[PDB]
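Quick note: residue numbers are just sequence positions, from 1.
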Amino acid sequence: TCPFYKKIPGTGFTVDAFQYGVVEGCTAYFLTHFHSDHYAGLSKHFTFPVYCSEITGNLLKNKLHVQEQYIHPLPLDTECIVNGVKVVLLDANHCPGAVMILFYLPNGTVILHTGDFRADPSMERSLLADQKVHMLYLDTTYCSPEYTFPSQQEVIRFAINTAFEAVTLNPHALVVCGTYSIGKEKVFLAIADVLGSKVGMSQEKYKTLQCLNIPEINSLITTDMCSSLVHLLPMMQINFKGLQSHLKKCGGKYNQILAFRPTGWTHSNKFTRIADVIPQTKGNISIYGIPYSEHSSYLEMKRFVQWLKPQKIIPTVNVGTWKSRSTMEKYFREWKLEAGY
Ligand code: NI
């Protein structure tokens, strides 16, 4: 059964609620983004209207085989009427195709559902500038001050400068990048661009990337692994054993691997600056964990919410423990007392 924080009151709508069977009263199911915890339950046998971005709809059609007649893509930044209710989709600064949803309820209440997001000051000049929000359904993934990490731009600068130095020193080094979902594509694209290479990958991953509307993508990626010196592998294979096994398959073209594991936050962010990050090394293999986040830091979250000044906040992440819920409620009250709303 569908929990309360996935229902939009005063509507027939749900958000990210496909794992509960037929939800009573639901006339339109919104999907914020194509990550498995959020699409859990969708398949080719789904027969209710799904509302989403264009990119999410391409993934639903080609990867999950949802039939076309049930996929309803909406443009961004555009007032649309769905089942009698005005909605707008906004870019969430998460993975490709990820949106926030503004719902203008028939009684005058305005609700923002962030989906998953990485808050940014650019959002203060979207269609949110124009009006009041009564209820915020908030991605609280990193809602605690210990969760710190660098800008995506600093992380990419580190990755490009590390990969270019290593391969210039040794032209026979291979670079490998891990992946297990969409998102974080700039990691492997930026490294392959500085190296003058296409990115090589499985047919399954190529198919996924071909759904993302990335400009000039045919110029950037390939399934011909032999032609490429930046390879994508499943995240599970990014370890000394899996990398060794991969290097064997490359027919003596290479004599070294440099690998990247994009993570979210890890406790080494408590101690180590991005500049000072070092790899784990075994023989001719080195593995870097890089803190590339597609969720708000504590400070980015707090800025967003203090600017928006919502009347009520409903967390959508970390909702399962009393300790998490009490921690988040304390920070919401601090923020409100500090800013005066
Ligand atoms: Ni997500």
Under the side chain to side chain contact (heavy atoms under 4.5 Å, CB included) test, residues paired with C95 that sit two or more places apart
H33, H35, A98, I182, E294
Say whether, by atom type as modelled, one donor and one acceptor occur between the side chain of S126 and the main chain of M123 under 3.5 angstrom.
yes
Under 3.5 Å, side chain of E329 to main-chain N/O of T327, donor-acceptor pair present?
no
Just wondering, are more than 12 heavy atoms of other shown residues or ligands nearer than 6.0 Å to CD in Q69?
yes
Go through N161 and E165 one step at a time and tell me if the side chain to side chain contact (heavy atoms under 4.5 Å, CB included) criterion holds.
CA-CA 6 Å; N161 283 5; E165 169 172 320; over 6 Å; no
If we ignore hydrogens and angles and just use 3.5 Å, is the side chain of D91 paired with the main-chain N or O of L76 as donor and acceptor?
no
Connected via hydrophobic side-chain network under 4.5 Å: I257 and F164:
yes
Side-chain contact test, heavy atoms from C-beta onward, threshold under 4.5 Å: evaluate it for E68 versus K61 and give yes or no.
yes
Please test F18 against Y39 for ring-ring contact (aromatic ring centres under 6.0 Å, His included), starting from the C-alpha separation and ending with a verdict.
CA-CA 6 Å; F18 301 88; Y39 71 66; 8.9 Å; no
Less than 6.0 angstrom separating the ring centers of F271 and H267, yes or no?
yes
How far does CG of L42 sit from CG of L64, to the nearest 0.5 angstrom?
6.5 Å
Does the side chain of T140 pick up a donor-acceptor pair with the side chain of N318 at under 3.5 Å?
no
So which atom in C211 and which in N58 form the shortest heavy-atom distance, rounded to 0.1 Å?
O-ND2, 3.0 Å
Between the main-chain N or O of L60 and the side-chain N or O of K63, is there a donor-acceptor pair closer than 3.5 Å?
no
Report the relative orientation of the aromatic rings in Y288 and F158; use parallel for angles under 30°, tilted for 30 to 60°, perpendicular for over 60°.
perpendicular
Can a donor-acceptor pair be found, under 3.5 Å and without considering hydrogens, that links the side chain of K184 to the backbone of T179?
no
Heavy atoms of other groups near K132 NZ, more than 12 under 6.0 Å:
yes
Is there any side chain to side chain donor-acceptor pair (under 3.5 Å) pair reaching into residues 187-199, and which pairs are they, with sequence neighbours excluded?
none
Aromatic ring pairing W265/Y142, orientation class (parallel under 30°, perpendicular over 60°, tilted between):
tilted
Answer yes or no: is there a donor N or O on one side and an acceptor on the other, between the side chain of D276 and the main chain of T272, under 3.5 Å?
no
Kindly say whether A40 contributes a backbone atom to a donor-acceptor pair with the side chain of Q19 at under 3.5 angstrom?
no
Is any side-chain heavy atom of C143 closer than 4.5 Å to a side-chain heavy atom of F332?
yes
In this structure, are over 12 heavy atoms from other groups packed under 6.0 Å from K323 atom NZ?
no
More than 12 heavy atoms of other groups within 6.0 Å of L169 CG
yes
Between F260 and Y292, is the ring centroid distance below 6.0 Å?
no
Would you find a donor on one side and an acceptor on the other, under 3.5 Å apart, between the side chain of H231 and the backbone of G200?
no
Would you say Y341 and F304 are hydrophobically clustered, going by side-chain heavy atoms of ILVMFWY under 4.5 Å?
yes
Under 4.5 Å between side-chain heavy atoms, hopping through other hydrophobics if needed: is there a path connecting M328 to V317?
no
Any donor-acceptor pair under 3.5 Å from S53 side chain to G97 backbone:
yes
If you define the side chain from C-beta out and look only at heavy atoms, does anything of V277 sit under 4.5 Å from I274?
yes
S245 side chain to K249 side chain, donor-acceptor N/O pair below 3.5 angstrom:
yes
Assess the pair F13 and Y51: is the distance between their ring centroids shorter than 6.0 Å?
no
Strictly under 6.0 Å, is that where the ring centroids of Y137 and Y5 end up?
no
Salt bridge or not for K302 and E334, using N-O below 4.0 Å?
no
Could you see if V175 belongs to whatever hydrophobic cluster contains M235? Use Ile, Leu, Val, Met, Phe, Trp, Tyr and a side-chain cutoff under 4.5 Å.
no
Qualifying residue for side-chain hydrogen bond (donor to acceptor under 3.5 Å, both in side chains) with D139, from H94, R118, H295, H113
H295
Look at the side-chain heavy atoms of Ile, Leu, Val, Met, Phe, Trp and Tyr, link any pair under 4.5 Å apart, and say whether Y254 and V194 land in one connected group.
yes
Please determine, by modelled atom types, if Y104 and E79 share a side-chain donor-acceptor pair under 3.5 angstrom.
no
For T263 and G289, indicate whether the former's side chain and the latter's backbone hold a donor-acceptor pair under 3.5 Å.
no
Could you tell me whether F46 and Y70 have their ring centroids closer than 6.0 angstrom?
no
